[PDB]
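Single-structure report; data block below.
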Amino acid sequence: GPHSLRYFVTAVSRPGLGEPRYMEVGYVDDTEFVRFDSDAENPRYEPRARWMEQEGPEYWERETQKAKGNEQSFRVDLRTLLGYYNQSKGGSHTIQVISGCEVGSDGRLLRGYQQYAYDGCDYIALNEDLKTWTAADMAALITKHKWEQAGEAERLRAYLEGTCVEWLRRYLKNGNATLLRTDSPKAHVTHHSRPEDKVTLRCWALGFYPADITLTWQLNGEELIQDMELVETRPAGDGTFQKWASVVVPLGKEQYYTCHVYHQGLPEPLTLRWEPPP
Amino acid sequence: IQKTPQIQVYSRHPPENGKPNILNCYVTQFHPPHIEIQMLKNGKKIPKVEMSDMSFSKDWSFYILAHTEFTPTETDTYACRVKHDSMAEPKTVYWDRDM
Amino acid sequence: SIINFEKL
Ligand SMILES: [Ca+2]
């Protein structure tokens, strides 16, 4: 461990334009391994990682039929929510859910979660105690009371502590060590003009995975906590990620600045500077 | 409630004039999930643009990656244009090989 | 395996 089994669910209505679009996307350790997309003639849960092909026809059938059951329950929820919120029947709305379990190296549940959003805003969430609900607004109180009465939290705890955990284990026997995949960043500094006697030094990190990384600039040993410009980390499109951080520095003082790159994949952080060609 | 898309346009690899590369348009932080993304070369829509599956974030906002093959030259201009209901008009963002 | 969801 640790390991995680996560599902991201989306349900989007489109009145007059077809049935709601429904999607279940599953991740083992933040890597997509299954997906159900309702937007098809004969929609089926499909393996999204080749290791998942190990699972037999009985798995996909069961998962597919469960997905279609979920889909139709969400069809209903979408109508329920129009009522709760006094909304027109003509507009598009979305329900999202995040459901899953994070499991420690000892195989025990670290954290289980089950949270909903309607039109991009918190709706209701199972609390960390796996026993109570947080309702975000007046409509969510209705759901909350209904779920408290039916003992929905207890059903969820049982799934989170058991089923979720047991499935994650089974998936891992088929595709683990894969999730441990690590690609270290390669870095370089580029040099760019500014008006007057200033220049820009841009420290790039490329080809890394996972996306978590930190870039810093130091003047003579102290991180420049101010005026450092950066971009949000971004996918290269090949499974790896990019980032850069830049600082404006006085012309002629380029060698006084140092870029540091911290990433789980590296033996130790990278340290580099503007290296002007001969 | 509507969330306005953030947009980055950037090459998969460091650009080199005359060298085949991939131009990305990374669009995030939008809601609702319906969105229309174009990429443009010298002002004209690039016909063959591919799209990743759409996903969503911890804050519920959606993101997606659009991309197309391209071979940068010193003078060709590239952009990504995004139409989304959170914005009165389509937002255009130019590729800057230094960024 | 994802849970079977209950109605809102
Ligand atoms: Ca993100």
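Residue names in the structure tokens use chain letters A, B, ... in the order shown, residue numbers from 1 in each chain, and ligand numbers from 1 in the order shown.
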
*Give the residue list for ligand 1 at 9 Å, counting only C-alpha atoms and all ligand atoms, as number ranges by chain, sorted by chain and then by residue number.*
A: 233-234; B: 28-29, 55-58, 61-63

*Return as JSON, numbers by chain the residues belonging to chain A that are within 7 Å of chain B, counting only C-alpha atoms.*
{"A": [120, 236, 237]}

Would you export the selected residues with N, CA, C and O atoms as a PDB file, in the first residue's frame, please?
ATOM      1  N   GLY A 120     -22.570  21.271 -10.132  1.00  0.00           N
ATOM      2  CA  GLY A 120     -21.236  21.719  -9.769  1.00  0.00           C
ATOM      3  C   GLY A 120     -21.051  22.244  -8.354  1.00  0.00           C
ATOM      4  O   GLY A 120     -20.017  22.838  -8.045  1.00  0.00           O
ATOM      5  N   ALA A 236       1.256  16.389 -20.999  1.00  0.00           N
ATOM      6  CA  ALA A 236       1.926  16.411 -22.293  1.00  0.00           C
ATOM      7  C   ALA A 236       1.069  15.680 -23.323  1.00  0.00           C
ATOM      8  O   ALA A 236       1.224  15.874 -24.521  1.00  0.00           O
ATOM      9  N   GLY A 237       0.160  14.834 -22.853  1.00  0.00           N
ATOM     10  CA  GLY A 237      -0.703  14.091 -23.764  1.00  0.00           C
ATOM     11  C   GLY A 237      -0.196  12.678 -23.996  1.00  0.00           C
ATOM     12  O   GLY A 237      -0.847  11.881 -24.657  1.00  0.00           O
TER      13      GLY A 237
END

_Can you pull out the residues contacting residue 220 of chain A? Cut-off 8 Å, using only C-alpha atoms, and skip same-chain residues under 6 positions away; I want them as a PyMOL selection string._
chain A and resi 256-258

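Residue neighbourhood of segment 75-92 of chain B, excluding near-sequence residues (fewer than 4 positions): residues 2, 4, 35, 36, 37, 38, 39, 40, 41 and 42 of chain B, at 6 Å, using only C-alpha atoms.
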
Save the residues we just selected, N, CA, C and O atoms, as an mmCIF file, in the first residue's frame?
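What follows is the written file again-v8.cif:
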data_model
loop_
_atom_site.group_PDB
_atom_site.id
_atom_site.type_symbol
_atom_site.label_atom_id
_atom_site.label_comp_id
_atom_site.auth_asym_id
_atom_site.auth_seq_id
_atom_site.Cartn_x
_atom_site.Cartn_y
_atom_site.Cartn_z
ATOM 1 N N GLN B 2 -21.921 28.979 -12.602
ATOM 2 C CA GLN B 2 -21.076 28.658 -13.747
ATOM 3 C C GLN B 2 -19.609 28.954 -13.483
ATOM 4 O O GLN B 2 -19.264 29.968 -12.873
ATOM 5 N N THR B 4 -15.841 29.498 -15.218
ATOM 6 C CA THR B 4 -15.156 29.927 -16.433
ATOM 7 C C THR B 4 -13.896 29.100 -16.730
ATOM 8 O O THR B 4 -13.040 28.927 -15.871
ATOM 9 N N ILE B 35 -18.839 21.943 -23.829
ATOM 10 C CA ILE B 35 -17.826 22.901 -24.250
ATOM 11 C C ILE B 35 -17.418 22.677 -25.706
ATOM 12 O O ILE B 35 -17.449 21.552 -26.216
ATOM 13 N N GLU B 36 -17.036 23.759 -26.376
ATOM 14 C CA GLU B 36 -16.637 23.675 -27.771
ATOM 15 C C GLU B 36 -15.258 24.287 -27.981
ATOM 16 O O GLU B 36 -15.052 25.486 -27.778
ATOM 17 N N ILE B 37 -14.320 23.441 -28.399
ATOM 18 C CA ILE B 37 -12.912 23.804 -28.480
ATOM 19 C C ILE B 37 -12.377 23.696 -29.906
ATOM 20 O O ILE B 37 -12.509 22.656 -30.554
ATOM 21 N N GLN B 38 -11.785 24.782 -30.390
ATOM 22 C CA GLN B 38 -11.180 24.806 -31.715
ATOM 23 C C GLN B 38 -9.709 25.150 -31.625
ATOM 24 O O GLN B 38 -9.301 25.893 -30.751
ATOM 25 N N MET B 39 -8.915 24.650 -32.557
ATOM 26 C CA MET B 39 -7.556 25.145 -32.679
ATOM 27 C C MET B 39 -7.375 25.770 -34.065
ATOM 28 O O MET B 39 -7.976 25.322 -35.040
ATOM 29 N N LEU B 40 -6.562 26.817 -34.135
ATOM 30 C CA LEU B 40 -6.470 27.642 -35.329
ATOM 31 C C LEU B 40 -5.027 27.822 -35.733
ATOM 32 O O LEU B 40 -4.160 28.016 -34.878
ATOM 33 N N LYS B 41 -4.776 27.744 -37.037
ATOM 34 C CA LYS B 41 -3.464 28.032 -37.601
ATOM 35 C C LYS B 41 -3.596 29.259 -38.500
ATOM 36 O O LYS B 41 -4.387 29.252 -39.442
ATOM 37 N N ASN B 42 -2.845 30.313 -38.186
ATOM 38 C CA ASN B 42 -2.945 31.579 -38.911
ATOM 39 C C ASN B 42 -4.392 31.992 -39.152
ATOM 40 O O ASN B 42 -4.770 32.416 -40.252
#

List as a short mmCIF file (atom, residue, chain, number, x, y, z; two decimals) with N, CA, C and O atoms, in the first residue's frame the protein and nucleic acid residues near residue 18 of chain B, meaning an atom at most 7 Å away when only C-alpha atoms are counted, but skip any in the same chain fewer than 2 places from it.
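So out-v9.cif came out as:
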data_model
loop_
_atom_site.label_atom_id
_atom_site.label_comp_id
_atom_site.auth_asym_id
_atom_site.auth_seq_id
_atom_site.Cartn_x
_atom_site.Cartn_y
_atom_site.Cartn_z
N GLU B 16 10.70 22.94 -32.24
CA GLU B 16 11.87 23.19 -33.07
C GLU B 16 11.37 23.39 -34.50
O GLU B 16 10.72 22.51 -35.06
N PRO B 20 8.20 18.00 -36.59
CA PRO B 20 6.86 17.55 -36.19
C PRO B 20 6.70 17.48 -34.67
O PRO B 20 7.58 16.99 -33.96
N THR B 71 3.78 21.22 -37.24
CA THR B 71 5.20 21.43 -37.46
C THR B 71 5.47 22.93 -37.45
O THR B 71 5.29 23.60 -38.46
N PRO B 72 5.89 23.45 -36.29
CA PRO B 72 6.09 24.89 -36.10
C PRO B 72 7.10 25.47 -37.08
O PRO B 72 8.10 24.83 -37.44
N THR B 73 6.81 26.68 -37.53
CA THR B 73 7.77 27.48 -38.28
C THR B 73 7.96 28.76 -37.50
O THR B 73 7.26 29.01 -36.52
#

*For residue 180 of chain A, work out the shell of residues within 10 Å, counting only C-alpha atoms and skipping chain neighbours fewer than 2 positions away, then give it as a ChimeraX atom specification.*
/A:1,3,29,176-178,182-183,210

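Across the model, the gap from atom CA of residue 83 of chain A to atom CA of residue 10 of chain A is 19.7 Å.
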
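For the choices A:20, A:26, A:69, A:276, the atom-to-atom distance to residue 4 of chain C is smallest for A:69 when using only C-alpha atoms.
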
Please identify which residues in segment 1-79 of chain B DSSP calls strand (DSSP E or B) from the backbone, and express them as a PDB file with N, CA and C atoms, in the first residue's frame.
ATOM      1  N   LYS B   3     -18.750  28.056 -13.952  1.00  0.00           N
ATOM      2  CA  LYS B   3     -17.315  28.222 -13.797  1.00  0.00           C
ATOM      3  C   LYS B   3     -16.661  28.453 -15.151  1.00  0.00           C
ATOM      4  N   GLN B   6     -10.276  27.760 -17.672  1.00  0.00           N
ATOM      5  CA  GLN B   6      -8.904  28.227 -17.787  1.00  0.00           C
ATOM      6  C   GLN B   6      -8.302  27.475 -18.953  1.00  0.00           C
ATOM      7  N   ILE B   7      -7.376  28.116 -19.660  1.00  0.00           N
ATOM      8  CA  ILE B   7      -6.824  27.548 -20.887  1.00  0.00           C
ATOM      9  C   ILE B   7      -5.317  27.680 -20.973  1.00  0.00           C
ATOM     10  N   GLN B   8      -4.626  26.578 -21.285  1.00  0.00           N
ATOM     11  CA  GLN B   8      -3.209  26.626 -21.656  1.00  0.00           C
ATOM     12  C   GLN B   8      -2.992  26.028 -23.045  1.00  0.00           C
ATOM     13  N   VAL B   9      -2.184  26.704 -23.856  1.00  0.00           N
ATOM     14  CA  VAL B   9      -1.804  26.211 -25.181  1.00  0.00           C
ATOM     15  C   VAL B   9      -0.288  26.029 -25.214  1.00  0.00           C
ATOM     16  N   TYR B  10       0.174  24.848 -25.616  1.00  0.00           N
ATOM     17  CA  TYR B  10       1.584  24.497 -25.451  1.00  0.00           C
ATOM     18  C   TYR B  10       1.915  23.239 -26.217  1.00  0.00           C
ATOM     19  N   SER B  11       3.173  23.116 -26.617  1.00  0.00           N
ATOM     20  CA  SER B  11       3.621  21.962 -27.389  1.00  0.00           C
ATOM     21  C   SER B  11       3.911  20.782 -26.468  1.00  0.00           C
ATOM     22  N   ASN B  21       5.572  17.980 -34.192  1.00  0.00           N
ATOM     23  CA  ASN B  21       5.321  18.107 -32.772  1.00  0.00           C
ATOM     24  C   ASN B  21       3.824  17.952 -32.532  1.00  0.00           C
ATOM     25  N   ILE B  22       3.379  18.205 -31.310  1.00  0.00           N
ATOM     26  CA  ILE B  22       1.964  18.105 -30.999  1.00  0.00           C
ATOM     27  C   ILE B  22       1.565  19.370 -30.268  1.00  0.00           C
ATOM     28  N   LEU B  23       0.491  20.010 -30.706  1.00  0.00           N
ATOM     29  CA  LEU B  23       0.034  21.208 -30.019  1.00  0.00           C
ATOM     30  C   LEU B  23      -1.152  20.858 -29.147  1.00  0.00           C
ATOM     31  N   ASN B  24      -1.050  21.204 -27.863  1.00  0.00           N
ATOM     32  CA  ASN B  24      -2.084  20.916 -26.875  1.00  0.00           C
ATOM     33  C   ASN B  24      -2.875  22.151 -26.501  1.00  0.00           C
ATOM     34  N   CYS B  25      -4.144  21.935 -26.203  1.00  0.00           N
ATOM     35  CA  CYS B  25      -4.974  22.965 -25.609  1.00  0.00           C
ATOM     36  C   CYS B  25      -5.632  22.341 -24.395  1.00  0.00           C
ATOM     37  N   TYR B  26      -5.148  22.720 -23.215  1.00  0.00           N
ATOM     38  CA  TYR B  26      -5.596  22.122 -21.956  1.00  0.00           C
ATOM     39  C   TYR B  26      -6.634  23.047 -21.329  1.00  0.00           C
ATOM     40  N   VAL B  27      -7.879  22.590 -21.241  1.00  0.00           N
ATOM     41  CA  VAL B  27      -8.951  23.445 -20.736  1.00  0.00           C
ATOM     42  C   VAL B  27      -9.517  22.920 -19.426  1.00  0.00           C
ATOM     43  N   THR B  28      -9.507  23.744 -18.383  1.00  0.00           N
ATOM     44  CA  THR B  28      -9.930  23.268 -17.066  1.00  0.00           C
ATOM     45  C   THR B  28     -10.866  24.238 -16.378  1.00  0.00           C
ATOM     46  N   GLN B  29     -11.400  23.824 -15.232  1.00  0.00           N
ATOM     47  CA  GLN B  29     -12.166  24.711 -14.361  1.00  0.00           C
ATOM     48  C   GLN B  29     -13.473  25.205 -14.954  1.00  0.00           C
ATOM     49  N   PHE B  30     -14.091  24.400 -15.807  1.00  0.00           N
ATOM     50  CA  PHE B  30     -15.358  24.818 -16.388  1.00  0.00           C
ATOM     51  C   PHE B  30     -16.529  23.961 -15.911  1.00  0.00           C
ATOM     52  N   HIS B  31     -17.710  24.558 -15.947  1.00  0.00           N
ATOM     53  CA  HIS B  31     -18.936  23.889 -15.572  1.00  0.00           C
ATOM     54  C   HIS B  31     -20.018  24.818 -16.068  1.00  0.00           C
ATOM     55  N   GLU B  36     -17.036  23.759 -26.376  1.00  0.00           N
ATOM     56  CA  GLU B  36     -16.637  23.675 -27.771  1.00  0.00           C
ATOM     57  C   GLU B  36     -15.258  24.287 -27.981  1.00  0.00           C
ATOM     58  N   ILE B  37     -14.320  23.441 -28.399  1.00  0.00           N
ATOM     59  CA  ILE B  37     -12.912  23.804 -28.480  1.00  0.00           C
ATOM     60  C   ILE B  37     -12.377  23.696 -29.906  1.00  0.00           C
ATOM     61  N   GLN B  38     -11.785  24.782 -30.390  1.00  0.00           N
ATOM     62  CA  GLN B  38     -11.180  24.806 -31.715  1.00  0.00           C
ATOM     63  C   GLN B  38      -9.709  25.150 -31.625  1.00  0.00           C
ATOM     64  N   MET B  39      -8.915  24.650 -32.557  1.00  0.00           N
ATOM     65  CA  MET B  39      -7.556  25.145 -32.679  1.00  0.00           C
ATOM     66  C   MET B  39      -7.375  25.770 -34.065  1.00  0.00           C
ATOM     67  N   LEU B  40      -6.562  26.817 -34.135  1.00  0.00           N
ATOM     68  CA  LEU B  40      -6.470  27.642 -35.329  1.00  0.00           C
ATOM     69  C   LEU B  40      -5.027  27.822 -35.733  1.00  0.00           C
ATOM     70  N   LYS B  41      -4.776  27.744 -37.037  1.00  0.00           N
ATOM     71  CA  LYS B  41      -3.464  28.032 -37.601  1.00  0.00           C
ATOM     72  C   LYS B  41      -3.596  29.259 -38.500  1.00  0.00           C
ATOM     73  N   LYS B  44      -7.178  30.273 -39.180  1.00  0.00           N
ATOM     74  CA  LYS B  44      -8.119  29.315 -39.744  1.00  0.00           C
ATOM     75  C   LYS B  44      -8.227  28.000 -38.960  1.00  0.00           C
ATOM     76  N   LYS B  45      -9.462  27.602 -38.667  1.00  0.00           N
ATOM     77  CA  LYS B  45      -9.765  26.348 -37.968  1.00  0.00           C
ATOM     78  C   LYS B  45      -8.936  25.169 -38.485  1.00  0.00           C
ATOM     79  N   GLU B  50      -8.116  16.311 -32.007  1.00  0.00           N
ATOM     80  CA  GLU B  50      -8.585  15.209 -31.175  1.00  0.00           C
ATOM     81  C   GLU B  50      -8.824  15.653 -29.732  1.00  0.00           C
ATOM     82  N   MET B  51      -9.689  14.928 -29.031  1.00  0.00           N
ATOM     83  CA  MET B  51     -10.093  15.286 -27.676  1.00  0.00           C
ATOM     84  C   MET B  51      -9.906  14.113 -26.725  1.00  0.00           C
ATOM     85  N   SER B  55     -12.924  14.751 -17.836  1.00  0.00           N
ATOM     86  CA  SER B  55     -12.901  14.261 -16.473  1.00  0.00           C
ATOM     87  C   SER B  55     -13.311  15.406 -15.597  1.00  0.00           C
ATOM     88  N   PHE B  56     -13.371  15.178 -14.291  1.00  0.00           N
ATOM     89  CA  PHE B  56     -13.653  16.283 -13.387  1.00  0.00           C
ATOM     90  C   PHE B  56     -12.809  16.261 -12.126  1.00  0.00           C
ATOM     91  N   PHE B  62     -14.863  20.471 -14.593  1.00  0.00           N
ATOM     92  CA  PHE B  62     -14.429  19.551 -15.633  1.00  0.00           C
ATOM     93  C   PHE B  62     -13.132  20.029 -16.300  1.00  0.00           C
ATOM     94  N   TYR B  63     -12.395  19.095 -16.890  1.00  0.00           N
ATOM     95  CA  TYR B  63     -11.224  19.443 -17.687  1.00  0.00           C
ATOM     96  C   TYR B  63     -11.115  18.514 -18.880  1.00  0.00           C
ATOM     97  N   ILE B  64     -10.413  18.962 -19.908  1.00  0.00           N
ATOM     98  CA  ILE B  64     -10.257  18.145 -21.098  1.00  0.00           C
ATOM     99  C   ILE B  64      -8.997  18.580 -21.852  1.00  0.00           C
ATOM    100  N   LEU B  65      -8.410  17.679 -22.619  1.00  0.00           N
ATOM    101  CA  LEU B  65      -7.228  18.045 -23.383  1.00  0.00           C
ATOM    102  C   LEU B  65      -7.533  17.899 -24.869  1.00  0.00           C
ATOM    103  N   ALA B  66      -7.435  18.997 -25.620  1.00  0.00           N
ATOM    104  CA  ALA B  66      -7.511  18.936 -27.082  1.00  0.00           C
ATOM    105  C   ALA B  66      -6.125  19.001 -27.672  1.00  0.00           C
ATOM    106  N   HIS B  67      -5.919  18.313 -28.787  1.00  0.00           N
ATOM    107  CA  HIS B  67      -4.583  18.275 -29.374  1.00  0.00           C
ATOM    108  C   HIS B  67      -4.584  17.978 -30.869  1.00  0.00           C
ATOM    109  N   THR B  68      -3.520  18.409 -31.539  1.00  0.00           N
ATOM    110  CA  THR B  68      -3.402  18.268 -32.980  1.00  0.00           C
ATOM    111  C   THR B  68      -1.926  18.187 -33.355  1.00  0.00           C
ATOM    112  N   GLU B  69      -1.617  17.514 -34.457  1.00  0.00           N
ATOM    113  CA  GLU B  69      -0.258  17.467 -34.955  1.00  0.00           C
ATOM    114  C   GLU B  69       0.090  18.803 -35.585  1.00  0.00           C
ATOM    115  N   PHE B  70       1.350  19.197 -35.467  1.00  0.00           N
ATOM    116  CA  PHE B  70       1.809  20.418 -36.117  1.00  0.00           C
ATOM    117  C   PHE B  70       3.327  20.480 -36.234  1.00  0.00           C
ATOM    118  N   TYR B  78      -0.455  30.005 -33.974  1.00  0.00           N
ATOM    119  CA  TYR B  78      -1.414  28.984 -33.537  1.00  0.00           C
ATOM    120  C   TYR B  78      -2.220  29.488 -32.359  1.00  0.00           C
ATOM    121  N   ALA B  79      -3.483  29.084 -32.286  1.00  0.00           N
ATOM    122  CA  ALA B  79      -4.295  29.433 -31.132  1.00  0.00           C
ATOM    123  C   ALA B  79      -5.320  28.362 -30.801  1.00  0.00           C
TER     124      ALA B  79
END

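Going from atom CA of residue 122 of chain A over to atom CA of residue 25 of chain A, you cover 19.5 Å.
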
*Identify, on the basis of only C-alpha atoms, every residue whose closest approach to residue 5 of chain C does not exceed 8 Å; exclude the query and any residue fewer than 2 positions from it along the same chain; express the result as a ChimeraX atom specification.*
/A:70,73 /C:3,7

*Could you check how far atom CA of residue 2 of chain A sits from atom CA of residue 156 of chain A, in Å to one decimal?*
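Calculated distance between atom CA of residue 2 of chain A and atom CA of residue 156 of chain A is 21.1 Å.
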